[PDB]
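Asker: Here you go, one structure.
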Amino acid sequence: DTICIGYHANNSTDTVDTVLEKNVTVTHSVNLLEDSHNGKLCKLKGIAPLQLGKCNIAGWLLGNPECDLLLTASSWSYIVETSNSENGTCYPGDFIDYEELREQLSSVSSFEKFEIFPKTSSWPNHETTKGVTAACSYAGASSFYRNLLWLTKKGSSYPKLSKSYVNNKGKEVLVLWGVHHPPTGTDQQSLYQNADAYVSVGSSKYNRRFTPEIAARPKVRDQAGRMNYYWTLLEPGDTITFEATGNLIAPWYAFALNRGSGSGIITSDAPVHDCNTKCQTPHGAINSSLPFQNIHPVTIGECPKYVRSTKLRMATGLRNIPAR
Amino acid sequence: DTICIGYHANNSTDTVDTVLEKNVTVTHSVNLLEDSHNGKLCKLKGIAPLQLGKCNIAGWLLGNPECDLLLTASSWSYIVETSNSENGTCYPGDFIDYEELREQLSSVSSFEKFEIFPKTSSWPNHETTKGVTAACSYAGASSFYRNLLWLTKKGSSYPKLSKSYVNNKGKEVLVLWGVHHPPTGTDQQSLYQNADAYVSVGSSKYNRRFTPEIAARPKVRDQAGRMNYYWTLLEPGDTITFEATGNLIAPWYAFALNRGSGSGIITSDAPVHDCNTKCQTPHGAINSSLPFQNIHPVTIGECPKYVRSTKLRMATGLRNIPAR
Amino acid sequence: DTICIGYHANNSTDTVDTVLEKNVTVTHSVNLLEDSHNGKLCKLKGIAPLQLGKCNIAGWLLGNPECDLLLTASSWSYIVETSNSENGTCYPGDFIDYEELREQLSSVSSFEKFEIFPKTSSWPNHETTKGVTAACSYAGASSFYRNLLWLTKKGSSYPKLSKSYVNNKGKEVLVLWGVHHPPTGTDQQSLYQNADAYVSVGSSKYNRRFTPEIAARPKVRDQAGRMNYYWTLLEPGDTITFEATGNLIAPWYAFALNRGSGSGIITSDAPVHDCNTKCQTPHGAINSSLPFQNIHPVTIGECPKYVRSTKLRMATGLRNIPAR
Amino acid sequence: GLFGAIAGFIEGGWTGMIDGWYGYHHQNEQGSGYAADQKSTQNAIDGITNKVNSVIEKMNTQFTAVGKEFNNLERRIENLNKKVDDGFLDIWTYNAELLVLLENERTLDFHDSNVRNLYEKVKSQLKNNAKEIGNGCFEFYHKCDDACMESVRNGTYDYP
Amino acid sequence: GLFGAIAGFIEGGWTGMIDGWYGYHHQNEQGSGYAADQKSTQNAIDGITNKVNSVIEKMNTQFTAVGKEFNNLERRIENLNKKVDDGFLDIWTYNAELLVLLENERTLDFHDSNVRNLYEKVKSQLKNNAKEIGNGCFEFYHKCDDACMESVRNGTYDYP
Amino acid sequence: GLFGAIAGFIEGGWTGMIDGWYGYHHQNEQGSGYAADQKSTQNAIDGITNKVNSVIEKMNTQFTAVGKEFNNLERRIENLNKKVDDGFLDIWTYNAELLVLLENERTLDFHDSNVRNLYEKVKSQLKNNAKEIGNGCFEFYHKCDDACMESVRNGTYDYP
Ligand SMILES: CC(=O)N[C@@H]1[C@@H](O)[C@H](O)[C@@H](CO)O[C@@H]1O
Ligand SMILES: CC(=O)N[C@@H]1[C@@H](O)[C@H](O)[C@@H](CO)O[C@@H]1O
Ligand SMILES: CC(=O)N[C@@H]1[C@@H](O)[C@H](O)[C@@H](CO)O[C@@H]1O
Ligand SMILES: CC(=O)N[C@@H]1[C@@H](O)[C@H](O)[C@@H](CO)O[C@@H]1O
Ligand SMILES: CC(=O)N[C@@H]1[C@@H](O)[C@H](O)[C@@H](CO)O[C@@H]1O
Ligand SMILES: CC(=O)N[C@@H]1[C@@H](O)[C@H](O)[C@@H](CO)O[C@@H]1O
Ligand SMILES: CC(=O)N[C@@H]1[C@@H](O)[C@H](O)[C@@H](CO)O[C@@H]1O
Ligand SMILES: CC(=O)N[C@@H]1[C@@H](O)[C@H](O)[C@@H](CO)O[C@@H]1O
Ligand SMILES: CC(=O)N[C@@H]1[C@@H](O)[C@H](O)[C@@H](CO)O[C@@H]1O
Ligand SMILES: CC(=O)N[C@@H]1[C@@H](O)[C@H](O)[C@@H](CO)O[C@H]1O
Ligand SMILES: CC(=O)N[C@@H]1[C@@H](O)[C@H](O)[C@@H](CO)O[C@H]1O
């Protein structure tokens with residue numbers, strides 16, 4: 001009669017590493033590293049993302065012609081640009097503080113678009129129609145942005161305009177506008193008459209004045225002229241006031257912003273589907289409860305910690321010695 | 001006859017955690033986490049802090065009326081703003097590079113205030129008195145900043161002024177000044193005469209020129225006009241030179257700065273007392289030799305490392321088994 | 001007859017530390033901390049560094065007189081400034097976005113210098129010679145930068161010039177230029193005639209216009225006048241176009257840049273030698289395979305991890321008990 | 001083995017026993033068999049489980065983290081941002097990989113210790129009534145039955 | 001217990017002994033009592049003390065650290081600064097909490113090992129002159145006095 | 001010693017033995033001598049070597065890293081950059097110093113365990129044929145020769 005003391009063992013082939021020895025087979029273990037994904041851009045908490053497709057933030061907000069699809073959008077869980085998001089500023093120029101605008105948009109979950117300055121109403125004495133170019137063509141004909149209005153002299157009569165708006169929305173209002181810089185002094189005449197005009201925007205915290213800088217510059221999309229775009233967030237109660245005498249690409253539509261958190265802009269060419277997730281990445285959605293992941297550093301939602309590791313297996317059982 | 005080998009034990013109720021088991025009672029242990037404080041803003045190395053109370057850095061340096069208490073101050077261990085530090089720029093406008101000025105002040109331990117351009121002396125041909133407004137009222141009447149001088153035309157006669165100063169202090173000199181922007185062309189007349197005047201400051205490293213930007217802006221503290229404030233550190237030896245023809249809110253008092261380290265600006269509503277400490281935080285002063293603290297990330301002096309932990313107890317004794 | 005079980009031991013005097021005890025002598029150990037160096041600035045992968053000696057980045061690129069030695073250079077492994085690199089902007093003024101230029105240069109491994117606008121060819125109607133000052137003297141006489149040309153009125157006749165260049169190099173072209181600001185209106189006359197002239201540079205992404213700001217400023221190197229330097233990287237294909245009517249310090253030589261990685265600018269007074277290394281630091285070159293070093297945080301090449309440690313010895317053998 | 005038991009004086013494991021990690025064999029007249037010790041196996045399990053949960057706790061989950069954009073004149077700032085992102089990434093990777101490496105070593109030794117402790121818990125019970133052979137087996141002198149084997153794999157036994 | 005002694009083959013502790021952490025009991029004609037072993041207890045103390053000092057050393061004290069301000073057009077930069085501050089805070093918290101957790105485990109095992117080592121230091125002295133009972137107690141065969149007990153809790157003894 | 005062997009029940013080391021870290025003495029008629037055990041010594045070596053390589057692996061080498069410059073109106077940004085650099089430096093220094101400190105403790109204990117395990121690997125071979133004296137030496141009863149000593153420092157022996 002005898003009795004022996006021993007320990008479990010099996011056919012397991014999982015291996016872990018230790019400081020003293022590599023590739024040790026153990027009886028049981030757990031993986032802490034998630035490396036698999038959805039392959040698709042999904043919904044976060046029911047709401048779906050906002051594709052810009054061929055458009056970029058600039059195009060979308062400004063109202064570039066090709067981005068009419070986006071016109072109807074009002075809420076999203078995260079904004080998505082792609083490898084071919086080049087439809088934005090159709091008429092050459094500069095978008096002052098563009099990056100800071102994007103950063104602002106990263107904490108906006110939804111807004112309400114509204115005609116701040118009605119085309120046919122807020123502009124008598126000044127001529128509304130006939131403010132288009134080939135640079136921003138449509139269907140084949142010439143056109144312009146759907147949110148900005150190009151005011152030109154009404155029969156060699158460009159009086160000094162002064163329009164204002166009061167923020168009565170209880171939210172923040174995003175106001176965008178532009179300033180034109182014709183190539184030759186001749187054109188200044190034919191567009192706003194007055195040889196030396198000016199534009200002046202102002203509110204409680206904002207104050208800035210612009211003056212045309214006519215000159216000779218290379219052609220971009222068949223244009224030696226330029227156009228700088230601007231923006232600012234009008235606070236609740238405050239009043240913004242434009243006052244120009246030519247060159248003022250005026251605000252036609254504005255947005256009342258809803259600040260939400262945990263949203264953001266991403267660049268991905270992955271297909272959008274009717275799928276819901278708790279963690280999204282540019283490569284696809286993730287669904288794990290593991291502590292780490294090596295899929296992508298860019299994240300939206302609640303994800304595992306990004307890490308460069310290839311393998312992270314933690315032993316639980318003991319050294320597996322079959323000795324069969 | 002027998003003999004036994006055993007280990008100490010007692011009534012201790014302190015518990016520590018381990019990777020394998022939680023809440024284990026041990027015989028002896030030490031706490032490494034400091035979580036108690038003074039509740040008061042104290043002195044650091046004898047010197048007391050500088051309260052701004054109802055004032056902010058802008059008010060203090062500019063000389064806003066309500067901040068007369070601060071006029072006598074010259075040295076401090078750290079600057080203190082509160083929840084009601086709104087007395088600064090009384091006359092609407094902008095304070096160019098304000099944040100950078102604050103950053104500079106964070107390494108200043110003391111200075112010497114001195115009338116750089118005496119009110120009655122450096123300004124003949126130009127009229128000193130009568131440069132006040134209701135925006136910066138005092139006792140009920142209208143007034144202005146105590147360190148800046150508002151020069152206005154001396155009987156429709158505003159000649160081209162040109163004043164200079166040489167830094168003979170062996171230190172750095174902080175020079176502050178402003179530029180006024182009247183609302184209507186009419187006022188430009190009534191204030192400095194000349195319809196189109198200008199201001200031009202310059203030194204060895206500094207060079208900039210300003211021009212009035214008259215326009216129509218909402219009323220702030222009953223004012224449609226504006227005033228931009230500026231500053232620069234004049235190096236030892238160099239010379240700063242103002243040259244204006246109207247709109248120049250001139251430098252009346254300046255400061256010679258003493259650079260000290262380990263100082264800074266903080267926001268706190270904690271009472272200041274005659275107490276000395278080696279470590280101060282916005283919640284109060286700390287007096288510990290423990291390695292960590294979870295009181296506040298903001299620190300002045302020599303403190304423990306801020307951490308989010310709730311508990312950090314390290315075992316020293318052994319597993320306590322009373323078995324009474 | 002007997003037999004005993006024991007362990008090695010010796011005369012070793014190396015000591016390591018442990019959490020429970022300090023200074024324990026062991027039989028064998030390895031040092032992980034490298035603390036020795038070359039003391040010399042060496043070559044990295046065959047190529048030698050570029051000394052600026054008495055010059056700085058500004059001097060070198062602009063072509064300051066004293067930096068003629070550098071004129072012949074075209075490739076380097078890393079740029080080197082010293083404690084006396086003060087020969088740069090000889091004629092007082094400002095170098096807009098200077099730091100960003102340096103950052104750009106940090107990823108440039110070589111370039112091709114080329115006369116973009118030939119002195120005697122691209123400038124008829126305008127007078128080339130006679131654009132020198134004492135501020136930038138040479139051999140004793142007055143002179144100017146070798147890459148920039150000072151254009152002055154050709155017999156009270158300063159016509160409106162307009163020159164252009166097309167980037168046909170397949171690389172990036174660094175274009176530098178300046179704008180002069182005379183002290184008195186009188187000098188404006190004697191230099192470019194026209195009382196109110198202007199300068200206007202422009203390309204596809206660049207667009208800016210300058211205007212002289214004449215005034216009174218202290219003397220620097222016997223000069224109350226100023227001169228601002230500018231730069232921009234012209235993309236492949238694009239065209240840059242200058243158009244001025246006076247005050248334009250014109251581009252004479254430009255550079256086609258070769259982007260390389262792992263290069264950079266450093267400050268050191270260590271002697272350059274004909275030595276090759278894989279890791280360079282301002283104190284000298286390092287040659288080790290150890291994981292850490294406490295020589296210098298600044299590094300070029302492939303080095304150990306900088307650390308503040310004084311000692312890092314890891315035990316390998318056992319506690320050494322001679323018991324002789 | 002730090003404790004000399006597993007893959008030590010007890011050469012190998014029993015692919016047979018499947019009730020836990022540690023147990024007994026037993027060869028009494030009435031027949032053979034295997035039986036895992038709950039006492040032991042359950043404690044090891046509770047510990048290891050607690051360890052894995054503790055490791056996952058210290059690694060807070062990551063929330064939204066998107067990139068930032070910079071214009072062609074914000075290079076220094078762009079790289080500073082780049083330096084920060086890469087720096088944190090290096091550290092977390094290092095921490096994660098190291099913790100696992102170090103804790104794995106600790107786990108394997110834990111088991112080795114557990115096995116060794118059971119052996120000596122039995123050995124101190126028997127004493128004279130049996131003799132130590134090899135591979136951690138004891139040979140009974142007073143040849144005992146199944147009713148007795150259950151007093152061994154229980155701690156009762158009794159017989160100095 | 002990783003070493004099977006504390007809360008192991010020596011079931012509990014003596015609320016009585018108060019001279020140190022490890023000691024002896026002893027029951028000789030002349031009477032009973034408790035006596036801690038300086039040799040053992042002092043070493044454990046020196047070690048533990050050295051450990052606690054080493055842990056506090058690696059944590060350099062924090063010097064002045066105040067916030068920074070940003071205007072409404074420096075959002076990216078404001079957040080970069082925010083990202084940095086939070087990132088360092090996560091890491092230090094993680095390091096502090098983990099070091100304590102890991103070292104606590106190591107400390108408890110240290111004591112367990114110390115106790116076990118003392119037991120076997122005595123056991124190898126006696127040998128035949130006494131027999132191993134339970135709870136780490138030895139029963140003398142040659143019944144010895146207080147003058148002898150002091151040769152045991154000393155290492156002198158001598159009597160194969 | 002966590003395992004009571006080195007600088008423990010085996011008081012000191014043999015400045016003589018130079019074939020490895022662990023070995024045997026032996027005093028047979030034919031003469032004395034020292035002989036290290038390859039089995040033991042080689043394993044310790046392989047481990048320790050693996051440890052040192054693993055520690056160096058986790059520390060990726062540093063590539064180019066030069067400073068940045070800021071104008072007198074970029075102070076906040078200059079300090080942010082300063083905060084970042086110092087922050088990373090503190091952490092790496094802490095990590096490096098701590099890993100070494102902790103692993104050193106682990107290495108010394110490794111050896112102690114190795115020694116203790118060899119002792120008991122021999123002790124279980126002899127048994128009755130010799131008696132345990134001191135300093136980990138065994139005294140033969142059946143006095144054996146050099147041909148026999150080689151069956152001991154080999155594991156063959158055989159003689160319950
Ligand atoms: C190159 C490497 O990673 N080494 C190991 C190898 O030694 C082992 O035999 C195999 C299976 O466990 O896994 C890995 O290939
Ligand atoms: C409305 C507008 O901006 N037109 C352009 C179009 O000409 C171009 O082909 C496309 C992609 O390059 O971007 C925009 O859609
Ligand atoms: C001179 C000045 O700007 N001080 C203002 C004061 O006018 C105002 O009444 C008070 C309430 O907001 O704030 C500050 O004390
Ligand atoms: C003392 C004075 O000038 N009155 C103003 C008052 O009109 C205003 O409502 C308040 C808050 O902005 O600040 C000041 O108290
Ligand atoms: C300091 C000391 O003990 N000297 C000897 C040295 O002469 C010899 O070369 C070495 C190896 O044989 O061992 C010791 O280092
Ligand atoms: C070899 C070495 O590092 N010297 C130290 C010595 O400075 C220190 O005073 C002593 C006790 O702490 O230990 C070592 O002898
Ligand atoms: C060509 C030029 O810029 N001249 C100066 C020179 O006068 C001065 O002595 C030197 C150092 O002080 O720096 C520059 O070389
Ligand atoms: C843990 C357990 O099952 N206890 C019982 C014990 O009470 C009983 O005396 C013995 C034989 O009857 O069997 C078991 O050991
Ligand atoms: C530590 C010490 O004081 N040593 C002595 C010891 O030598 C002696 O055998 C014993 C009994 O007389 O008394 C003391 O314990
Ligand atoms: C004479 C001249 O050229 N001006 C300065 C001079 O004040 C200084 O002594 C010299 C040598 O360092 O450096 C020059 O820049
Ligand atoms: C840079 C240096 O001096 N280090 C030398 C290297 O030149 C040499 O090629 C190599 C060959 O073993 O040995 C290194 O120590």
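Identifiers for the structure tokens are assigned positionally: chains receive A, B, ... in sequence, residues are indexed from 1 per chain, and ligands are indexed from 1 in the order shown.
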Which chain C residues are at most 12 Å from chain D (counting only C-alpha atoms), as a PyMOL selection string?
Answerer: chain C and resi 96-107+205-206+231-233
Asker: Compute the chain A side of the contact with chain B at 8 Å, counting only C-alpha atoms, and hand it back as a PyMOL selection string.
Answerer: chain A and resi 202-204+209+239+241
Asker: Just want the 7 Å neighbourhood of residue 42 (chain A), counted on only C-alpha atoms, with same-chain residues fewer than 5 positions away dropped. Output as a list in words.
Answerer: residues 48, 272, 273, 274, 275, 276, 277 and 285 of chain A
Asker: When the cut-off is 6 Å and you count only C-alpha atoms and all ligand atoms, which residues lie near ligand 7, shown as a PyMOL selection string?
Answerer: chain C and resi 64-66+86-88+90+136
Asker: Could you write out that same residue set with C-alpha atoms as a PDB file, in the first residue's frame?
Answerer:
```
ATOM      1  CA  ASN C  64      27.056  87.152 -43.831  1.00  0.00           C
ATOM      2  CA  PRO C  65      30.586  88.321 -44.868  1.00  0.00           C
ATOM      3  CA  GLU C  66      32.536  86.610 -42.089  1.00  0.00           C
ATOM      4  CA  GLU C  86      27.301  85.409 -33.116  1.00  0.00           C
ATOM      5  CA  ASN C  87      27.946  86.243 -36.758  1.00  0.00           C
ATOM      6  CA  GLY C  88      24.529  86.268 -38.361  1.00  0.00           C
ATOM      7  CA  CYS C  90      24.925  92.020 -39.317  1.00  0.00           C
ATOM      8  CA  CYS C 136      28.297  94.423 -42.710  1.00  0.00           C
TER       9      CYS C 136
END
```
Asker: Just list as a ChimeraX atom specification whatever in chain E DSSP marks as alpha helix (DSSP H).
Answerer: /E:38-57,75-126,146-152
